[PDB]
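First the structure, in the form of structure tokens, and then the observations on it.
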Amino acid sequence: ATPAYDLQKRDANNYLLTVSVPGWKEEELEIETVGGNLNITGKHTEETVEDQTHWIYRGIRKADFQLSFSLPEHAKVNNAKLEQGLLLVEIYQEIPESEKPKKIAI
Amino acid sequence: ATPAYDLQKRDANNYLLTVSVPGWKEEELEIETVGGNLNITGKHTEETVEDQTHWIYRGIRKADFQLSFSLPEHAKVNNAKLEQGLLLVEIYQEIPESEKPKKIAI
Amino acid sequence: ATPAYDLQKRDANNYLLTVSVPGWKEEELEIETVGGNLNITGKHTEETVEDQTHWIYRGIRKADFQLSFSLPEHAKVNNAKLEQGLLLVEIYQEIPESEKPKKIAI
Amino acid sequence: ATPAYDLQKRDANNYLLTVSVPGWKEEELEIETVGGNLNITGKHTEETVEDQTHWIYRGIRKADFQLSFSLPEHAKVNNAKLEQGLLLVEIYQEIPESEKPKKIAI
Amino acid sequence: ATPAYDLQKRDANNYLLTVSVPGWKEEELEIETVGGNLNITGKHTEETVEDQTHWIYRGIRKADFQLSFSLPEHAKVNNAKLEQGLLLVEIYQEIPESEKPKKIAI
Amino acid sequence: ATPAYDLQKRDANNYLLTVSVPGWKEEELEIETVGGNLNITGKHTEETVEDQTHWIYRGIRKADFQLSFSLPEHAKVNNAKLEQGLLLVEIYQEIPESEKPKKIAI
Amino acid sequence: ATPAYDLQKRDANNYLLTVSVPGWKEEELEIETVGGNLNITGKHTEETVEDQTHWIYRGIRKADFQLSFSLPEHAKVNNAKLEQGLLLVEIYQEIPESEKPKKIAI
Amino acid sequence: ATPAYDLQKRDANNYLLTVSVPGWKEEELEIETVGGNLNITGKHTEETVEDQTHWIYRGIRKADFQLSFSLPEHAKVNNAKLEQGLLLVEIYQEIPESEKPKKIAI
Amino acid sequence: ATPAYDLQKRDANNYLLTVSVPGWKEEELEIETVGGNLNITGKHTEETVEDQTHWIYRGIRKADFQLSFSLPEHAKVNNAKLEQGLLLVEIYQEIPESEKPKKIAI
Amino acid sequence: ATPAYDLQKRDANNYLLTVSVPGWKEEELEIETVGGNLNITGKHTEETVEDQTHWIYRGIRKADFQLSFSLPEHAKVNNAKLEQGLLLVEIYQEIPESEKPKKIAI
Amino acid sequence: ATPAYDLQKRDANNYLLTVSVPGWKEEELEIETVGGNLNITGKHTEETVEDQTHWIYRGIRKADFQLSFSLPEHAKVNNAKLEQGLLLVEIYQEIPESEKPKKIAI
Amino acid sequence: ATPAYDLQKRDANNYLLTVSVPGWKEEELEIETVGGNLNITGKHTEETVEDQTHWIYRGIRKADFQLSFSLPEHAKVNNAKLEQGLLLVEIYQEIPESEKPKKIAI
Amino acid sequence: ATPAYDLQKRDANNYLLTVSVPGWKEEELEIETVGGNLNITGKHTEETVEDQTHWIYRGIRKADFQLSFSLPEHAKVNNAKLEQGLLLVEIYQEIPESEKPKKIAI
Amino acid sequence: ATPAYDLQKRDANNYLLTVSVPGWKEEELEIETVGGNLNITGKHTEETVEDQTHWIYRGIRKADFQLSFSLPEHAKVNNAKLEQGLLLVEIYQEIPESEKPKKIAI
Amino acid sequence: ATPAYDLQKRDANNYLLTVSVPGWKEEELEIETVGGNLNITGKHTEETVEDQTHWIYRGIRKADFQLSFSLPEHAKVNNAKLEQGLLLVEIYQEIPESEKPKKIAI
Amino acid sequence: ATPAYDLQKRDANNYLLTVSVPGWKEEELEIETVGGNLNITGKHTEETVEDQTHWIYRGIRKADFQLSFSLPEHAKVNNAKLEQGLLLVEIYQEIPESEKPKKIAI
Amino acid sequence: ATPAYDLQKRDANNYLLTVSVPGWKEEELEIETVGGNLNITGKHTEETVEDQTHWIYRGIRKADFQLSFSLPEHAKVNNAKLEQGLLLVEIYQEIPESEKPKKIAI
Amino acid sequence: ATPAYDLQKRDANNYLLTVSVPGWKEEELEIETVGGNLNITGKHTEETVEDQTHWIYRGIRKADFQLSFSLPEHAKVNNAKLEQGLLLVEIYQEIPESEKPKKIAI
Amino acid sequence: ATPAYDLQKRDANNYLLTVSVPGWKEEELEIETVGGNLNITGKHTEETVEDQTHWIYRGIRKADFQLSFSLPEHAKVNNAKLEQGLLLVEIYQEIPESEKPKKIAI
């Protein structure tokens, strides 16, 4: 079971990844950039004896996980903010020497 | 698409509801108490046309919704607190003048 | 075959039932409130020799029927109007001593 | 979803169409005579956003529509009268100078 | 269940319809010519309490019915005779200004 | 293809057979009493070649046939009358010196 | 749907038929002995407008019916009593000149 | 095998149960009122070994049984009368101080 | 595998049985009339070492057999001739005191 | 489970029934002659509770039973002898004054 | 339907064909020798209309037919004899100057 | 089995029918013009009994037949010529005073 | 494979056909009005050796074709313009002496 | 996997629950009465390294569990004894003001 | 698709092949006798641009083809005539020194 | 097909085999003890021409057979008696030096 | 239904059987040692008729039974102790003078 | 629904894309060059509500869309010309300094 | 999942077992000889937190296990060497007093 995720392009220079991580905390998330690939890794730090007597129902599941995504050379990350249960990660890279849309003919 | 939810019962007089609500603004959320029944209604306040060309992938779902639960008399809500995209709703009550958890004989 | 029917809530104090009854007349409909249940009953008063020679096609069917619906204690009916082939029945009851929607926390 | 309809023929020169149209306003309805063909077009003039939370149940359908029938020459419409949600449309004509319904021999 | 029926052409000017109507009587059959169509209609005039104690077996069924057949303009009926359980109806019309079969070539 | 048939029993000593025989000439029909058994044999006396081009439709069937029924001793035939294409055959007998239809006690 | 029925032999001279006929009355049942066969016939004498409003549920069905059973020559009926919803019919006949069970050998 | 049963409701305060119980002796029958619930228990008091050689056919079933129904407060039984193998049980009650069966408006 | 057989009626007094018995001989066939039943019995008298080397193909099979047929009282056999591989057996009995075919009515 | 049985016919006047009845005591067996019909009824007189722990295997079946056969008039039983667990029952009769087993012609 | 046939080979120079032909007249039969091939053609000379009412059963088949067999050079027919409904056809030939059936060594 | 047919249209006023009719004699063929409809009726004038022994193979079919086509007013037949087993039938007409095949604009 | 096509009504006097014909040229399209029917016909004028070496992929197919559509009497074509790969054909006809939509009653 | 369980009624005032709990100990079982519901909860207190080398086979499984059962108001528990691997729990409540079974009528 | 074909034997000396070849011409058919085999070969000499605009329907297909048939040594062809769309080819060969049909025996 | 068989233990020292062998005789059964295995062998000594004419029906089958059963060392047979179609064989062996059932603990 | 069982082996000379036996009285239980084989036979000493009306639910099964296990020589039983519904049976033995669990080399 | 497209490659340095875009306005079309990738995005600028009553048929599809293709370095677009509803897009490039198409040896 | 294993016979006195145990160590393997059976037992001594971040892929699985094999009396083990991931175990036993292969005859 993996957390929901989206990717948008702010521009040719921009990728933005949005991941749903409810209950996920500052200490619980660690990320690494290795060999042109970005890895986003969740870990539940520890277990708590959960009284199955205490809870009648659970529909919400979280699991430790790692996500891997190949990054185009040569990429730079702008910011990562966790707000409203959302992980927003800003990533910058560009200059293929073509941003330019143009034509018309007849 | 409906949000996953967990419900905890702390004691004979109290249970706790846990709802995953990522990306949701308090401004998007409304709650109602009617006839001993709790209705939780999410409303996305407004939408913005986004060019799907700019969005490469969407795994994350957004929808307006309503949930309903009949609560036994006589109910009072303690707190509903939103943190890191989760809604925790405190519910405390009971009085049938019996809590008593004991016996064995022979 | 039963007539189409809808139910809306004007407020906690209000239920509104809308039933489609084309061709249904003042004398043809009788309703009764018994044991906390509302019964809406149609009866075709009588038969008319119908010349099957006279009509080539019929798509519209009506049948004698009774509808039964359990009413929450302790209910009162406001009005019932038959207009434009519609049966509109206004029903009032309330005061669980909770109309009140409220909360926010953090 | 299309409305059930009945068609009656009173005589060699006359038939009658019966349409179920509950909740419909005359203001919502348009009829057209074109090329010996009758077109009956319902149009819901406008809609109102209704919160489905307020509506518990809908069995009753609402839609804009058009119906078409080629009518043999030479047709004239007598009346279309709307009562208790039904549309009765009067159609009278024929002249092939032959009505004659009789014979037997041996 | 409909009675057996046949159609023969005596000539370009002639159609002959033969229908099996055992037990069918002078009063029981009525026919009508309307709008270029011929209708042949059976009616059992009435019911007779039939003692199901009186009859052990029945293989022969009769039912009230109407038959409709589009007639080419401009048609005239010659005779209808009921004999030996047979309905024979003679119908005349002609003069397309071609009765004429002819050719040979090489 | 065999003709539909009905059999009526008027009393302990009498039953009546009803046969549908449209288009049949008495000249086409033969009956036989052999060994307490009744044999009803239809024979179409002769056929005429008809050009199927002149006949557009045939729903009506014509065939030679024989029917057989063992009748309990001691049988005598009263009448067989042909009217409007139906054959009614009268059969009267019995003598086990017992007709008696009655009793109840307690 | 036919009423439950049983047959027992009191002796070589005796048959006893037991039929369940709840709600069946003195006037409602008529029996006849004809041609060595016994017929037991129920008839509901008449209909009563039954208010389908008056009854919510019926599991018990009764229908008009006739039962026929071939009787060995030469049979005599002793008694028929209706008691506790039961139809008991006593029937006597005998004397094949063998009642006699006997043998042993070696 | 359980007995067919019918239930009639004579009025807002009264309903009637109809049970088919052929061959049953009052001595075989027991009824019980416990917690607002009616239990109807048939008990065949005793059995007699019957030689199945003497019994040629059994269509009629015999079994001990119990039936249960929760009855809304506050119930009182009027009569249970056994006639011609049927048990009719009278049940009368209600008091929510509302019988009122009327309205229409416009 | 049984030999082909046919039965014809020469008259009410006559039955004729024809059985195919190729290779069947005078000594090989024996018949018996017992208890109103006729039995026709074939027996291959003996075996002959058959050289399976001598014959490449056989399509014709014969087997020892017995045929049994219930004869109406009180029957007499006229003649049995074996000719051209055919068994022809003539059987006479009659006089139900009905040979007589007759009727016509109207 | 019913016993295998063989039936032999020694002559036109006599047939012999062979029944396998191992472990059966003559004391367990009863025979009856009723209405020209033979009934053979085995009855195990009594059973003894046997501990299935002491019995490792049972392939052999034991049951009470009744068999029935209609015998044509006029029947007399000669002998029924039980030897080495088999019941042989002698049956001799006939007199239609015809035994005659012969003819052939040409 | 084709007749069963057997073929026997008496020696290297001779084989024998056996055909079942019951009811066949020599007058019905024709044989032909063409191109070293034998053709056996049965022809039923003529038919007689038989009333199927007089014939109760037919198991025996009658049809005209032709059979063909290529025979190796150089063939001569010895005899074809018809007895008790069987056709035996004698065929003798061969000369490849080799009959010799022997050897073994080591 | 019906003959393959081709239909050619030479112009707005003319179409040509092509029928394959091998082995057919003009003497076998009849054509008819009735009510603006063309009927083409083949009739094999007579048949000759052919011994199927003389015929080794038949792939070629022979049957009497009729074909029908409604032709729009106002039709005249030009020629029907039979050559090398094909029937070519010339049909010329039209006059709605419009042939005109042209336009394009911008 | 046929080109996409649409039909709209500008009024009772108007039909407009829109066909997609990319790559279709002035010389390539020819239309004809014959017998009340309009035919729109494409023809690729000629072939060009297409180097299958020159093109790696083709998703767009064009084929020679003809479209036929029955035109109501008595029709006139206004204009046909090929613009933006679109064929727009304007067609006029009218005057059934009914353009008139009207009614309301009660 | 849950332990086997039974429920008996000693009287209107009595329920008795019997649960099979082999190996279950004094410390291992805890029960609680909360909100009109009784919960019976097993817990294995701890784990013991089980040598899978030590045991070749186990057919008996025990698991930690909780059972929940809604109790009618207003209930009292008498005794709970663990004997012979059985959990017996006595529960008392009553006085609907009907213990009373009674009736007979006619 | 191959043309229909038949083969008949005029005598032992004769084969006759009949092939349907409508539209097939003098120049279009060529035949060859090679190695004891006869080959009949059709060729459409050439193609004609066929206006698919000119013909609405074709049911008749012709294709170039070759037929091959092994001829018994030593064969001679008499005549080949194309008449009425028929190819008739006369072929002679004989003298196996057996034309002779003969036998009868007993 | 093998005869029914049972095995019981009279004690640790005892096995008893019971086999059903109806019609089986003193001379017909031979048994042998070989290599610790007991073999029970039936043989029908000889055949008797059985007239299939003499018997109409046989349900009882017997076949020659041998049964083999491994015997525990070191076994001794007590007695074998054939009575009432039963083969009873007494077999003794024992002394594992444990006959002894005992224990109780706590 | 057979009881779940576990078997433990404490050492080379000893294994332990664990049986679940809830509700069982020692008085109900019997054990036997025969031929090195252990037989455990439960016997419910007697039953009491319980009214299933008093018993609302039964999940718990009660049956008499026997279990068998061949035990290798030379076996002795240590103890069988019943506690909290479990039977633990101690079995100790072996002497093949080899326990030795060790080696490794290279 | 996506538009059919063809792609042509004129030479090692050049390929041509062919897109079908009927009814499309240049004003509706946008193209983009990003990261060596070509994106072709159609956008219908705006829509007009059309009454589907006026439109009898739609086979022609209209939708906004985006297409994407990674183009190998180093790409430059020559022309994109729209004619008669087709978009032809010119793409020229390559320089791996190798075009050479030749050799053969031996 | 169990490790691959092979068994070879060096001679009548010899068995050799070869087991694949990659990664298996001196401390990890323990074997025991008990009751004529050899047990080979693997145990992973302990767990190591394995970083699932550290390893992307594993195809090689090892599990704790025990193997059991019945040894013929009276067996002796020679050597066990772990080399190249192989477990080689030498086992000796012999002297059935037959090693001897011999024979030829005629």
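The way I read the labels, and the way they are meant: chains A, B, ... in the order of the structure tokens, residue 1 as the first residue of every chain, and ligand 1 as the first ligand shown, with later ones counted on from there.
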I'm after chain A in the frame of chain D: fit it by least squares over all Cα atoms matched in order, and give me the output as a compact mmCIF listing (two decimals) with C-alpha atoms, in the first residue's frame.
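Writing done, so here's part.txt:
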```txt
# COMPACT_ATOMS: atom_id res chain seq x y z
CA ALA A 1 -35.12 8.31 -20.19
CA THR A 2 -38.37 9.27 -21.93
CA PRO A 3 -41.85 10.01 -20.45
CA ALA A 4 -44.56 7.34 -20.79
CA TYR A 5 -46.86 7.77 -23.79
CA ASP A 6 -50.10 6.28 -25.25
CA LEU A 7 -52.07 6.64 -28.53
CA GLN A 8 -55.80 5.99 -28.97
CA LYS A 9 -58.14 6.46 -31.98
CA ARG A 10 -61.38 8.26 -31.18
CA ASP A 11 -62.39 7.58 -34.82
CA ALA A 12 -60.91 7.51 -38.35
CA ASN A 13 -60.76 11.29 -37.96
CA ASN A 14 -59.08 11.19 -34.60
CA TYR A 15 -55.81 10.44 -32.84
CA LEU A 16 -55.25 11.18 -29.15
CA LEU A 17 -51.79 11.23 -27.58
CA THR A 18 -51.42 10.99 -23.80
CA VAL A 19 -47.99 11.72 -22.25
CA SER A 20 -47.00 11.61 -18.56
CA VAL A 21 -45.09 14.78 -17.68
CA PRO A 22 -45.10 15.25 -13.91
CA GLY A 23 -43.53 18.53 -12.81
CA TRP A 24 -43.68 19.80 -16.36
CA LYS A 25 -44.90 23.40 -16.64
CA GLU A 26 -46.55 25.80 -19.13
CA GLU A 27 -43.23 27.46 -20.00
CA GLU A 28 -41.36 24.17 -20.12
CA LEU A 29 -43.12 22.59 -23.04
CA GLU A 30 -43.02 23.72 -26.64
CA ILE A 31 -44.33 21.88 -29.68
CA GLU A 32 -43.89 22.35 -33.41
CA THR A 33 -45.51 21.01 -36.56
CA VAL A 34 -42.97 20.79 -39.38
CA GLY A 35 -43.05 18.92 -42.70
CA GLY A 36 -45.93 16.65 -41.76
CA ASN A 37 -44.20 15.70 -38.52
CA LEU A 38 -45.20 16.68 -34.96
CA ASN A 39 -42.45 17.40 -32.44
CA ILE A 40 -43.15 17.58 -28.70
CA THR A 41 -40.21 19.15 -26.86
CA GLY A 42 -39.42 19.43 -23.18
CA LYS A 43 -36.78 21.77 -21.75
CA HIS A 44 -35.84 22.36 -18.14
CA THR A 45 -35.45 26.12 -18.42
CA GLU A 46 -32.57 26.34 -15.96
CA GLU A 47 -30.66 24.74 -13.11
CA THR A 48 -30.96 25.30 -9.41
CA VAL A 49 -28.10 24.47 -7.11
CA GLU A 50 -29.51 21.39 -5.52
CA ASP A 51 -28.23 20.65 -2.09
CA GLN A 52 -27.33 16.98 -2.13
CA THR A 53 -27.23 17.54 1.63
CA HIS A 54 -30.91 18.56 1.48
CA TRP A 55 -32.19 15.39 -0.26
CA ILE A 56 -31.45 11.83 0.94
CA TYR A 57 -33.34 10.05 -1.86
CA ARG A 58 -34.72 10.60 -5.37
CA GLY A 59 -36.49 7.96 -7.46
CA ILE A 60 -38.09 10.35 -9.96
CA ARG A 61 -36.06 11.47 -13.00
CA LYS A 62 -36.89 14.12 -15.61
CA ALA A 63 -34.73 14.96 -18.61
CA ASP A 64 -34.92 17.42 -21.50
CA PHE A 65 -36.21 15.64 -24.58
CA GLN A 66 -37.84 15.82 -27.99
CA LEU A 67 -40.34 13.42 -29.50
CA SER A 68 -40.96 13.20 -33.25
CA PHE A 69 -43.86 11.48 -34.94
CA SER A 70 -44.71 11.28 -38.66
CA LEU A 71 -48.23 12.60 -39.29
CA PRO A 72 -50.48 11.31 -42.08
CA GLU A 73 -51.44 13.98 -44.62
CA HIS A 74 -53.24 16.09 -44.03
CA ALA A 75 -53.50 16.46 -40.27
CA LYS A 76 -55.06 19.03 -37.94
CA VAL A 77 -54.66 19.33 -34.16
CA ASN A 78 -57.76 19.96 -32.06
CA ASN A 79 -56.62 20.66 -28.47
CA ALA A 80 -53.77 20.12 -25.99
CA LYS A 81 -54.56 20.15 -22.27
CA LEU A 82 -52.23 19.61 -19.34
CA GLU A 83 -54.26 18.26 -16.42
CA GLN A 84 -53.33 15.96 -13.52
CA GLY A 85 -49.77 15.67 -14.85
CA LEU A 86 -51.15 14.57 -18.19
CA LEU A 87 -50.59 15.96 -21.65
CA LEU A 88 -53.61 15.25 -23.79
CA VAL A 89 -53.33 16.18 -27.47
CA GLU A 90 -56.32 15.90 -29.81
CA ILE A 91 -55.53 15.49 -33.53
CA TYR A 92 -57.98 15.45 -36.48
CA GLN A 93 -57.75 14.24 -40.10
CA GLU A 94 -59.85 11.93 -42.28
CA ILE A 95 -61.76 11.28 -45.51
CA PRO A 96 -60.05 8.41 -47.40
CA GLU A 97 -63.63 8.14 -48.70
CA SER A 98 -63.92 4.91 -46.78
CA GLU A 99 -65.32 4.92 -43.26
CA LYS A 100 -67.61 2.13 -44.27
CA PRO A 101 -67.56 -1.29 -42.66
CA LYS A 102 -69.76 -3.79 -44.51
CA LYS A 103 -70.28 -7.35 -45.68
CA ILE A 104 -71.84 -10.79 -45.32
CA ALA A 105 -72.05 -13.54 -47.95
CA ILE A 106 -72.56 -17.29 -48.54
```
